[PDB]
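Novice: Take this structure first; my questions come after.
A short reminder: the numbers here are calculations on the coordinates, not readings from a lab. In this analysis, Cβ positions are derived from the backbone assuming ideal geometry, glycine residues included, and neighbour counts consider all displayed protein chains.
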Amino acid sequence: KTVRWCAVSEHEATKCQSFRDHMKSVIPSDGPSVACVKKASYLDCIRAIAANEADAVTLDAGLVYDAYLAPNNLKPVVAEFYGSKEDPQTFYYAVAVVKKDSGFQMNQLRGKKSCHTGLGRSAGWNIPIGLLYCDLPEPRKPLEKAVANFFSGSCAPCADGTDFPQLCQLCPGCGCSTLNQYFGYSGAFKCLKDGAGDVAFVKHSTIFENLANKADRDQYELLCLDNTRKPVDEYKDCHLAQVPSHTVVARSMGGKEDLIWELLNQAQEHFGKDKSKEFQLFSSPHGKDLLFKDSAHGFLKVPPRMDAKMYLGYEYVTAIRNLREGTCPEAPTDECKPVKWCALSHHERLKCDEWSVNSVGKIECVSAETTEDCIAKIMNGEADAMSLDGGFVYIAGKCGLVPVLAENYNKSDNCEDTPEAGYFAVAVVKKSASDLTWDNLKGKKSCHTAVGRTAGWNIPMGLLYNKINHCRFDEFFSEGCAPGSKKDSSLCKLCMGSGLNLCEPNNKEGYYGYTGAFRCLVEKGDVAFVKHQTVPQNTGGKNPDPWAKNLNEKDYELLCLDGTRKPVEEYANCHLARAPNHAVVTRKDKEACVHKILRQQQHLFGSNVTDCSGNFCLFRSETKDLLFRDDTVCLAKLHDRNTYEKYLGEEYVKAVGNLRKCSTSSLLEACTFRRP
Ligand SMILES: [N]
Ligand SMILES: [N]
Ligand SMILES: [N]
Ligand SMILES: [N]
Ligand SMILES: [Pt+2]
Ligand SMILES: [Pt+2]
């Protein structure tokens with residue numbers, strides 16, 4: 001129950017010691033305790049932790065990566081934050097600030113002028129140059145020389161002036177102090193403001209510190225990695241790297257990440273920001289930034305599924321990977337690299353394998369355990385593309401993936417050129433009960449296609465989450481039929497299945513499915529949740545079943561969102577959400593290549609191929625819906641609809657968003673930590 005904290009100096013050990021003493025008093029025997037193991041460097045601390053000699057140490061982003069690498073394999077567990085609970089700011093963003101309409105992008109930096117905070121600074125030097133690595137001329141070592149040949153002129157504080165003079169061009173001498181007017185953050189900025197340099201590699205917050213006026217800031221933009229610009233205000237969407245300010249790391253396995261959190265949670269409570277004046281956790285008596293940066297306002301728990309690569313982000317792990325590995329390709333600059341497709345079943349792998357060979361190597365395959373694991377691989381570039389349901393397009397979206405292609409199910413000559421946007425989720429109710437509107441749903445009887453089903457459970461409960469604001473959905477409706485709910489709940493009370501199939505989500509339920517929930521409606525229901533065309537196909541003598549024969553369209557009215565009721569054929573206007581198609585999801589950088597390859601592939605192996613027994617086709621599975629849903633005819637392009645928020649309905653998002661409050665995703669909780 002003793003967390004062995006690691007000290008890198010004698011000063012740190014002292015603070016650790018008092019931190020052992022003060023936590024000793026305020027904590028009962030049944031509580032966390034601190035040990036003080038004293039090594040000589042952060043590296044030594046990393047090796048100590050991994051060798052199970054220490055338990056936790058807090059590191060700068062650079063060492064967070066070092067800790068991740070074999071054989072240490074250490075992971076972020078706790079984060080320092082630098083604001084409030086509502087404004088944590090555990091991360092920063094290395095950016096590239098430029099003049100407005102200076103007329104160039106990230107891939108057009110060769111032969112420009114640059115302003116750096118200082119050589120060896122992360123945001124100012126390491127991150128930019130790291131990204132820029134493959135564009136530098138040979139030889140790239142020494143790094144100073146290659147960057148000198150890259151930019152026409154530069155201000156690189158602390159750079160070797162005598163040897164590589166072009167790095168001092170903007171600030172001769174390359175003064176490594178505030179003497180140099182172009183040194184530091186504000187200095188790297190006024191290097192740009194004075195028009196001496198074309199681009200300044202600073203922090204997202206730098207611009208705000210120098211120019212107080214919203215007016216002046218408007219003549220400045222940011223270079224985004226996708227070779228677009230954006231306002232200085234949208235840094236979270238236009239940064240070169242998101243960097244964790246301070247992070248505690250422990251062993252990936254048996255690290256005691258709970259012991260650590262338990263300790264630091266109580267430590268920040270008793271001795272946190274101002275909450276004591278006998279001992280300050282974030283105040284160093286003999287020095288500054290002992291154990292923790294004095295900036296720190298408190299701690300946050302890092303979600304469990306977070307690995308270092310995920311925490312740092314692909315951009316950051318690209319930069320340093322380049323600086324260290326220094327391995328650039330020589331593959332043609334124009335041509336697209338093979339797209340690694342993600343498979344999550346053994347058959348999915350087998351199908352992907354067949355595809356891959358027939359794709360003449362233009363498609364490659366990667367096996368992963370979960371769907372969430374696949375998304376993680378796309379994120380950190382262990383894979384390229386995969387298809388996701390609406391609910392996973394969301395999760396991937398909050399993780400900074402993008403929909404690119406949508407699965408089209410309705411045969412259409414020029415389908416490739418028209419996305420579908422799926423069907424319409426509706427809440428139907430008998431016309432007779434005029435009292436029934438969206439609001440007074442509380443306590444009524446209900447009918448669901450099933451629990452987990454899109455239109456029957458997801459959108460309804462997701463929207464009606466605001467009206468309940470807890471995770472006991474059965475307590476909303478007095479009684480209902482939700483096939484799959486606990487046999488004993490109130491959502492199983494209106495299900496007319498005999499025996500074992502009493503409340504099971506199968507055909508023998510009879511109150512299951514789209515038709516089934518409508519029978520639940522027509523007989524003993526106050527509301528049913530079905531698609532738009534469920535009423536038209538189950539009425540007007542289209543259904544020769546007993547209960548359905550003589551049911552008519554006029555008799556039922558679907559309920560709307562604003563409180564109104566509408567007729568069945570006005571579903572277009574009276575809907576809950578637009579339950580979406582499955583979509584191909586990829587990383588922003590691989591968007592172009594994926595659009596290309598998949599379009600070519602669906603020509604060769606698409607729906608347009610017969611004799612599917614003599615030639616491979618992409619849309620026929622051995623078992624069921626491998627890689628793509630079998631109902632697919634083509635993969636439509638998503639120009640204009642190429643974000644998660646723009647592909648999924650604002651409504652759909654609200655629903656799934658609310659639902660994910662009750663049902664947690666270890667991946668979703670991770671991505672939302674990085675981007676809330
Ligand atoms: N492990
Ligand atoms: N592991
Ligand atoms: N029934
Ligand atoms: N029934
Ligand atoms: Pt493990
Ligand atoms: Pt029945």
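Novice: Which whole-number percentage describes the relative contact order of the chain, with Cα contacts under 8 Å and a sequence gap of 6 or more? Could you put the intermediate results ahead of the total?
Specialist: Values: 1399 pairs, mean separation 93.4, N = 676.
14 percent.
Novice: Sticking with this structure for a sec: Roughly how tilted is helix 591-605, in degrees to the nearest 10 and between 0 and 90, from the longest Cα axis of the chain?
Specialist: Once rounded, one gets 40 degrees.
Novice: Could you please report the charge total around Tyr133, scoring K, R as +1 and D, E as -1 over all other residues with beta-carbon less than 15 angstrom from its beta-carbon?
Specialist: Counting the neighbours of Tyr133, the net charge comes to 0.
Novice: Counting only GluC sites (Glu not before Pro) that are in a DSSP loop and have at most 11 other C-beta atoms within 10 Å, tell me the longest site-free stretch of the chain. Write down the numbers at each step before the final one.
Specialist: Details: sites that count: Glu86, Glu278, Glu330, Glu335, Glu369, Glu622.
The segment 370-621 is the longest one with no such site.
Novice: Now, a different point. If you plug each phi of the range 448-461 into the Karplus form 6.51 cos²θ - 1.76 cosθ + 1.60 with θ = phi - 60°, what whole-Hz ³J(HN,Hα) values come out, in order, with x for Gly and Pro?
Specialist: Running phi through 6.51 cos²θ - 1.76 cosθ + 1.60 with θ = phi - 60° gives 10, 4, 4, 7, x, 5, 5, 6, x, 9, 5, 4, x, 5 Hz.
Novice: Which residues' amide hydrogens lie under 5 Å from the amide hydrogen of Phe151, considering only partners 5 or more residues apart or on another chain, with H built in the peptide plane?
Specialist: When sequence neighbours closer than 5 places are left aside, the close amide H contacts are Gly111.
Novice: If the cut-off is 18 Å between C-alpha atoms, which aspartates and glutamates fall inside it for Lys549, apart from same-chain ones fewer than 8 positions away?
Specialist: Result set, ordered by chain and number: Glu523.
Novice: Nearest 20 debye, what's the magnitude of the dipole of the chain about its Cα centre given +1 on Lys and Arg Cβ and -1 on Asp and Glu Cβ? Before the final figure, lay out the partial values.
Specialist: Values: 84 positive and 86 negative charges, 159 e Å.
So the magnitude is around 760 debye.
Novice: Could you name the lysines whose alpha carbon sits less than 17 Å from that of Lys431, not counting residues in the same chain fewer than 8 places away?
Specialist: Reachable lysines: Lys444, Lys445, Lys524, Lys554, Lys566.
Novice: Please tell me which of these pairs span more than 28 angstrom C-alpha to C-alpha: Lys85/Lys236; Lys214/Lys277; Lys75/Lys113; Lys301/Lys340; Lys256/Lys377; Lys190/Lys230?
Specialist: Details: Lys85/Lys236 19 Å; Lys214/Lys277 39 Å; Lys75/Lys113 38 Å; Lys301/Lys340 33 Å; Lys256/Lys377 26 Å; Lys190/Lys230 20 Å.
In this structure, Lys214/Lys277; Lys75/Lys113; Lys301/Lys340 lie more than 28 Å apart at Cα.
Novice: Enumerate the amide H contacts of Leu405 below 5 Å, restricted to partners 5 or more residues apart or on another chain; note that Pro and chain-start residues carry no placed amide H.
Specialist: Those lying under 5 Å, H to H, from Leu405 are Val584.
Novice: Enumerate the amide H contacts of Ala250 below 5 Å, restricted to partners 5 or more residues apart or on another chain; note that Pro and chain-start residues carry no placed amide H.
Specialist: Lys75, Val77
Novice: Step through the residues of the range 502-516 one at a time and calculate ³J(HN,Hα) from phi using the Karplus curve (6.51 cos²θ - 1.76 cosθ + 1.60, θ = phi - 60°), rounding each to whole Hz and writing x for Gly and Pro.
Specialist: Each residue of the range 502-516 in turn: 6, 9, 8, x, 9, 5, 6, 5, x, 10, 9, x, 6, 4, x Hz.
Novice: Moving on. I need the shape label for the range 99-141. Rule: rounded when a/c is under 1.5, else prolate if a/b > b/c, else oblate, with a, b, c from the alpha carbon gyration tensor.
Specialist: oblate
Novice: Students often check this: by mean Cβ neighbours within 10 Å, which of 66-73, 561-568, 514-521 ranks highest, and how do the rest follow? Could the numbers behind the result be given before it?
Specialist: Details: 66-73: 15.6, 561-568: 13.8, 514-521: 25.5.
The densest-packed peptide leads the list: 514-521, 66-73, 561-568.
Novice: On to the next question. Is the shape of the range 423-579 rounded, prolate or oblate, going by the alpha carbon gyration tensor and its root eigenvalues a ≥ b ≥ c, with a/c under 1.5 for rounded and a/b larger than b/c for prolate?
Specialist: On the way: a/c = 1.63, a/b = 1.05, b/c = 1.55.
Here the range 423-579 falls in the oblate category.
Novice: Nearest 5 percent is fine: what portion of the DSSP beta bridges confined to the range 67-215 is antiparallel? Walk me through the numbers before you get to the answer.
Specialist: Working: 5 of 11 bridges.
Roughly 45 percent of the DSSP beta bridges within the range 67-215 come out antiparallel.
Novice: Oh, and also: Between helix 314-325 and the chain, what is the angle of the helix's C-alpha long axis to the longest principal axis, kept within 0 to 90° and rounded to the nearest 10?
Specialist: On a 0 to 90 degree scale, this one is about 40.
Novice: What shape does the range 1-100 take by its C-alpha gyration tensor, where a ≥ b ≥ c are the square roots of the eigenvalues and a/c under 1.5 counts as rounded, a/b above b/c as prolate, and the rest as oblate?
Specialist: Details: a/c = 2.24, a/b = 1.45, b/c = 1.55.
Taking the square roots of the gyration eigenvalues as a ≥ b ≥ c, the range 1-100 is oblate.
Novice: Which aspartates and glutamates have a Cα lying under 13 Å from the Cα of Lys309, excluding residues fewer than 8 positions away in the same chain?
Specialist: List returned: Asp66, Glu382.
Novice: Roughly how large, in nm² to one decimal, is the mean projection of the convex hull of the alpha-carbon atoms in the chain? Please list the in-between numbers first.
Specialist: Values: hull surface 145.8 nm².
Here the figure is 36.4 nm², rounded to one decimal.
Novice: Additional query: Answer with one residue from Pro139, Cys174, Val77: the one whose Cα lies farthest towards the positive end of the charge dipole of the chain, charges on Cβ with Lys, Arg +1 and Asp, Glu -1.
Specialist: The one lying farthest along the dipole's positive direction is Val77.
Novice: Kindly write out, for the range 20-37 in residue order, the coupling ³J(HN,Hα) from the Karplus curve 6.51 cos²θ - 1.76 cosθ + 1.60 (θ = phi - 60°), rounded to whole Hz, with x marking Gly and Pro.
Specialist: Each residue's phi maps through the Karplus curve to give 6, 6, 6, 6, 6, 6, 7, 9, x, 2, 7, x, x, 9, 10, 10, 10, 8 Hz.
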